[PDB]
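Listing of model_15.cif, mmCIF, C-alpha atoms
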data_coords
loop_
_atom_site.group_PDB
_atom_site.id
_atom_site.type_symbol
_atom_site.label_atom_id
_atom_site.label_comp_id
_atom_site.auth_asym_id
_atom_site.auth_seq_id
_atom_site.Cartn_x
_atom_site.Cartn_y
_atom_site.Cartn_z
ATOM 1 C CA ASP T 59 11.078 8.347 -13.890
ATOM 2 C CA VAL T 60 10.698 8.594 -10.115
ATOM 3 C CA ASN T 61 14.167 10.121 -9.616
ATOM 4 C CA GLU T 62 13.984 13.120 -12.052
ATOM 5 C CA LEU T 63 16.459 15.945 -11.384
ATOM 6 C CA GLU T 64 15.304 19.418 -10.328
ATOM 7 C CA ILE T 65 17.190 22.745 -10.008
ATOM 8 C CA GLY T 66 19.786 22.409 -7.198
ATOM 9 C CA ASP T 67 20.159 18.638 -7.506
ATOM 10 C CA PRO T 68 23.662 17.240 -7.926
ATOM 11 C CA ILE T 69 24.769 15.756 -11.217
ATOM 12 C CA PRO T 70 24.174 11.962 -11.233
ATOM 13 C CA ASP T 71 27.357 10.027 -10.316
ATOM 14 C CA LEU T 72 27.313 8.095 -13.586
ATOM 15 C CA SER T 73 29.726 7.645 -16.493
ATOM 16 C CA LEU T 74 28.943 7.712 -20.232
ATOM 17 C CA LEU T 75 31.073 6.860 -23.273
ATOM 18 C CA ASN T 76 32.165 9.585 -25.672
ATOM 19 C CA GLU T 77 32.467 9.162 -29.445
ATOM 20 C CA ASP T 78 35.939 7.609 -29.019
ATOM 21 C CA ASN T 79 34.554 4.921 -26.703
ATOM 22 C CA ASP T 80 36.233 6.568 -23.668
ATOM 23 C CA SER T 81 34.288 6.684 -20.373
ATOM 24 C CA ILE T 82 33.477 10.169 -19.095
ATOM 25 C CA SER T 83 32.472 10.619 -15.465
ATOM 26 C CA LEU T 84 29.694 13.202 -15.150
ATOM 27 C CA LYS T 85 30.830 14.121 -11.647
ATOM 28 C CA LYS T 86 34.422 14.622 -12.797
ATOM 29 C CA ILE T 87 33.376 16.965 -15.682
ATOM 30 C CA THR T 88 31.457 19.156 -13.214
ATOM 31 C CA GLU T 89 34.405 19.087 -10.751
ATOM 32 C CA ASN T 90 36.887 20.316 -13.405
ATOM 33 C CA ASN T 91 34.592 22.936 -14.899
ATOM 34 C CA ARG T 92 32.491 25.387 -12.967
ATOM 35 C CA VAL T 93 29.876 25.291 -15.738
ATOM 36 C CA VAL T 94 28.878 22.355 -17.976
ATOM 37 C CA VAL T 95 26.247 22.332 -20.746
ATOM 38 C CA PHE T 96 24.667 19.021 -21.815
ATOM 39 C CA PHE T 97 22.517 19.414 -24.908
ATOM 40 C CA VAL T 98 20.190 16.547 -25.801
ATOM 41 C CA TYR T 99 19.017 15.725 -29.334
ATOM 42 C CA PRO T 100 16.812 12.819 -30.445
ATOM 43 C CA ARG T 101 19.109 11.312 -33.129
ATOM 44 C CA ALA T 102 22.548 11.971 -34.613
ATOM 45 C CA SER T 103 22.898 13.029 -38.288
ATOM 46 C CA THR T 104 19.346 14.373 -38.867
ATOM 47 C CA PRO T 105 18.431 17.974 -39.925
ATOM 48 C CA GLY T 106 17.266 18.875 -36.387
ATOM 49 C CA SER T 107 20.306 17.466 -34.609
ATOM 50 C CA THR T 108 22.710 18.891 -37.159
ATOM 51 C CA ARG T 109 21.203 22.384 -36.637
ATOM 52 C CA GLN T 110 21.671 22.102 -32.857
ATOM 53 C CA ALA T 111 25.148 20.539 -32.889
ATOM 54 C CA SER T 112 26.396 22.949 -35.583
ATOM 55 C CA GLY T 113 25.191 26.026 -33.584
ATOM 56 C CA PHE T 114 27.111 24.761 -30.536
ATOM 57 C CA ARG T 115 30.129 24.203 -32.800
ATOM 58 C CA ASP T 116 29.828 27.787 -34.076
ATOM 59 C CA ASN T 117 29.621 29.032 -30.487
ATOM 60 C CA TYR T 118 32.340 26.766 -29.102
ATOM 61 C CA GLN T 119 35.337 29.106 -29.481
ATOM 62 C CA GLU T 120 33.451 31.568 -27.271
ATOM 63 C CA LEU T 121 31.761 29.127 -24.861
ATOM 64 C CA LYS T 122 34.904 27.176 -24.006
ATOM 65 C CA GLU T 123 36.016 30.241 -22.025
ATOM 66 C CA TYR T 124 32.952 29.795 -19.822
ATOM 67 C CA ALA T 125 31.907 26.120 -19.891
ATOM 68 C CA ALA T 126 32.497 22.551 -21.036
ATOM 69 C CA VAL T 127 29.971 21.491 -23.706
ATOM 70 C CA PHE T 128 28.734 17.942 -24.400
ATOM 71 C CA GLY T 129 26.176 16.627 -26.864
ATOM 72 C CA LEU T 130 24.051 13.760 -25.539
ATOM 73 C CA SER T 131 21.682 11.262 -27.154
ATOM 74 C CA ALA T 132 20.683 7.615 -27.082
ATOM 75 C CA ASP T 133 22.847 6.946 -30.186
ATOM 76 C CA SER T 134 25.618 4.330 -30.231
ATOM 77 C CA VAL T 135 29.281 5.372 -29.922
ATOM 78 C CA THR T 136 29.798 4.656 -33.641
ATOM 79 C CA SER T 137 26.811 6.838 -34.661
ATOM 80 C CA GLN T 138 28.075 9.635 -32.380
ATOM 81 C CA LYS T 139 31.588 9.339 -33.895
ATOM 82 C CA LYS T 140 30.320 9.596 -37.476
ATOM 83 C CA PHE T 141 28.238 12.668 -36.495
ATOM 84 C CA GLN T 142 31.151 14.304 -34.619
ATOM 85 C CA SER T 143 33.573 13.775 -37.506
ATOM 86 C CA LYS T 144 31.134 14.861 -40.289
ATOM 87 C CA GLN T 145 30.225 18.036 -38.478
ATOM 88 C CA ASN T 146 33.779 18.684 -37.214
ATOM 89 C CA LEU T 147 32.565 19.103 -33.636
ATOM 90 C CA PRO T 148 35.310 20.412 -31.272
ATOM 91 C CA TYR T 149 33.493 19.039 -28.182
ATOM 92 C CA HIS T 150 32.513 15.465 -27.227
ATOM 93 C CA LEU T 151 29.264 13.612 -27.817
ATOM 94 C CA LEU T 152 28.071 11.233 -25.089
ATOM 95 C CA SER T 153 26.309 7.960 -25.789
ATOM 96 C CA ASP T 154 23.378 7.022 -23.495
ATOM 97 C CA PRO T 155 21.522 4.096 -25.233
ATOM 98 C CA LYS T 156 19.560 3.242 -22.054
ATOM 99 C CA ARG T 157 18.626 6.952 -21.611
ATOM 100 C CA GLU T 158 19.852 6.656 -18.009
ATOM 101 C CA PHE T 159 21.115 10.252 -17.817
ATOM 102 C CA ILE T 160 18.601 11.522 -20.365
ATOM 103 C CA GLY T 161 15.911 10.030 -18.066
ATOM 104 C CA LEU T 162 17.100 11.745 -14.885
ATOM 105 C CA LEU T 163 17.374 15.048 -16.790
ATOM 106 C CA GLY T 164 13.684 14.725 -17.722
ATOM 107 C CA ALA T 165 14.221 14.376 -21.476
ATOM 108 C CA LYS T 166 12.719 10.932 -22.319
ATOM 109 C CA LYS T 167 10.068 11.014 -25.029
ATOM 110 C CA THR T 168 8.139 7.963 -23.849
ATOM 111 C CA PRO T 169 9.066 5.500 -21.147
ATOM 112 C CA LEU T 170 9.935 2.995 -23.924
ATOM 113 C CA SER T 171 11.918 5.050 -26.421
ATOM 114 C CA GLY T 172 13.363 8.303 -27.682
ATOM 115 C CA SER T 173 14.535 11.646 -26.371
ATOM 116 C CA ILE T 174 13.250 15.192 -26.505
ATOM 117 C CA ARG T 175 15.476 18.084 -27.656
ATOM 118 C CA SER T 176 16.612 19.854 -24.483
ATOM 119 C CA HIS T 177 19.571 21.319 -22.689
ATOM 120 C CA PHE T 178 20.851 21.342 -19.129
ATOM 121 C CA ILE T 179 23.410 23.532 -17.439
ATOM 122 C CA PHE T 180 25.208 22.547 -14.259
ATOM 123 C CA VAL T 181 27.043 25.052 -12.038
ATOM 124 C CA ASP T 182 29.428 23.746 -9.349
ATOM 125 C CA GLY T 183 28.048 20.240 -9.851
ATOM 126 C CA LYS T 184 24.390 21.276 -9.378
ATOM 127 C CA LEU T 185 21.573 21.684 -11.926
ATOM 128 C CA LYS T 186 21.034 25.376 -12.648
ATOM 129 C CA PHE T 187 19.216 25.573 -15.992
ATOM 130 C CA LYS T 188 16.716 22.942 -17.069
ATOM 131 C CA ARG T 189 15.425 23.501 -20.602
ATOM 132 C CA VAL T 190 13.170 20.603 -21.756
ATOM 133 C CA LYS T 191 11.571 20.550 -25.253
ATOM 134 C CA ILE T 192 13.059 23.461 -27.173
ATOM 135 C CA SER T 193 13.982 24.088 -30.826
ATOM 136 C CA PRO T 194 17.551 23.696 -32.122
ATOM 137 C CA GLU T 195 17.831 27.518 -32.403
ATOM 138 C CA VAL T 196 16.463 28.195 -28.910
ATOM 139 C CA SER T 197 18.820 25.570 -27.452
ATOM 140 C CA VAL T 198 21.872 27.128 -29.146
ATOM 141 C CA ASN T 199 20.936 30.761 -28.383
ATOM 142 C CA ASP T 200 19.587 30.279 -24.851
ATOM 143 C CA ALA T 201 22.442 28.006 -23.722
ATOM 144 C CA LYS T 202 24.905 30.802 -24.541
ATOM 145 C CA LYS T 203 22.798 33.450 -22.676
ATOM 146 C CA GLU T 204 22.447 31.153 -19.683
ATOM 147 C CA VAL T 205 26.158 30.287 -19.510
ATOM 148 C CA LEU T 206 27.072 33.991 -19.728
ATOM 149 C CA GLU T 207 24.549 34.783 -16.976
ATOM 150 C CA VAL T 208 26.071 32.333 -14.514
ATOM 151 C CA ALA T 209 29.647 33.481 -15.281
ATOM 152 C CA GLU T 210 28.574 37.017 -14.446
ATOM 153 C CA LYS T 211 27.334 35.812 -11.010
ATOM 154 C CA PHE T 212 30.843 34.491 -10.196
ATOM 155 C CA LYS T 213 32.119 38.096 -9.978
ATOM 156 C CA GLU T 214 30.648 38.329 -6.425
#

Let me see the file written as structure tokens.
Amino acid sequence: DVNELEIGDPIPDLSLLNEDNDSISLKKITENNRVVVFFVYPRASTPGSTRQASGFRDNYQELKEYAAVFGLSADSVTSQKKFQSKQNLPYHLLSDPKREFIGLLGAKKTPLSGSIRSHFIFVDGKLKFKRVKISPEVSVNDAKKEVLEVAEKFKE
């Protein structure tokens, strides 16, 4: 869209529903956690999305000492909940059917429909890593490297 986020831009002051149908404020997540990872997948419960979500699950015990982690897609709350429960995800999945946040992050597939596998890391409420169109493996591996990089910078 016209208002696409770039490095240094604040997180959009929007709220999205998690898999339990509870509203999560994007600003409040980034206020409570120095680092937040949003990973975007096209559709819940597909081989591609399962690979990405499961790698974040497998990294979660480690990452949760650095960052909050959220999955994000255009799926309904009920689709997100089925995905979360089947895959035993320890982090939340956010529903964005209008691709409002997905849009601003730069991850729409076409103006009309769909999302592109991506991830986005915010530090102190501002966009720090912007990874659009990557594989499930690259998303999982690079998100961890990037999170660890920014945590290192805090030591000064």

- Query: Using all atoms listed in the file, which residue out of T:169, T:194, T:161, T:183 lies closest to residue 62 (chain T)?
  - Reply: T:161

Each residue of region 106-136 of chain T with at least one atom at most 12 Å from region 74-77 of chain T should appear once, together with its nearest atom pair and the corresponding distance in Å (one decimal); atoms considered: all atoms listed in the file; ordering: chain, then increasing residue number; output as JSON lines.
{"residue": "T:128", "atom": "CA", "partner": "T:76", "partner_atom": "CA", "distance": 9.1}
{"residue": "T:129", "atom": "CA", "partner": "T:76", "partner_atom": "CA", "distance": 9.3}
{"residue": "T:130", "atom": "CA", "partner": "T:76", "partner_atom": "CA", "distance": 9.1}
{"residue": "T:131", "atom": "CA", "partner": "T:74", "partner_atom": "CA", "distance": 10.6}
{"residue": "T:132", "atom": "CA", "partner": "T:74", "partner_atom": "CA", "distance": 10.7}
{"residue": "T:133", "atom": "CA", "partner": "T:77", "partner_atom": "CA", "distance": 9.9}
{"residue": "T:134", "atom": "CA", "partner": "T:77", "partner_atom": "CA", "distance": 8.4}
{"residue": "T:135", "atom": "CA", "partner": "T:77", "partner_atom": "CA", "distance": 5.0}
{"residue": "T:136", "atom": "CA", "partner": "T:77", "partner_atom": "CA", "distance": 6.7}

- Query: Of the residues T:59, T:64, T:116, T:89, which is the one nearest to residue 145 (chain T), using all atoms listed in the file?
  - Reply: T:116

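In terms of minimum interatomic distance to residue 115 (chain T), T:198 ranks closest within T:198, T:152, T:102, T:205, counting only C-alpha atoms.
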
- For region 65-69 of chain T, please output as a VMD selection string all residues within 8 Å (counting only C-alpha atoms; exclusion window: fewer than 3 positions along the same chain). chain T and resid 84 to 85 88 180 183 to 188

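If you look at CA of residue 196 (chain T) and CA of residue 110 (chain T), they are 8.9 Å away from each other.
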
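Nearest to residue 182 (chain T) of all the residues T:159, T:109, T:114, T:92 is T:92, counting all atoms listed in the file.
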
- Query: T:213, T:189, T:101, T:202: which is nearest residue 141 (chain T), counting only C-alpha atoms?
  - Reply: T:101

- Query: If you count all atoms listed in the file, which residues fall within 9 Å of residue 125 (chain T), apart from same-chain ones fewer than 6 positions away, as a PyMOL selection string?
  - Reply: chain T and resi 91-95+205+209

- Item | Expansion of the PyMOL selection byres ((chain T and resi 171) around 10) into residues, as a PyMOL selection string | chain T and resi 132+155-157+166-170+172-173

- Which residues fall under the PyMOL selection byres ((chain T and resi 193) around 10) in this file, as a PyMOL selection string? chain T and resi 99+106-107+109-110+174-176+190-192+194-199

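Here CA of residue 163 (chain T) stands at a distance of 7.6 Å from CA of residue 178 (chain T).
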
Box time for region 123-132 of chain T: axis-aligned, enclosing all its listed atoms, 8 Å extra on each side; report centre and edge lengths in Å to one decimal, as AutoDock Vina command-line options.
--center_x 28.3 --center_y 18.9 --center_z -23.5 --size_x 31.3 --size_y 38.6 --size_z 23.3

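The interatomic distance for the pair CA of residue 90 (chain T) and CA of residue 108 (chain T) works out to 27.7 Å.
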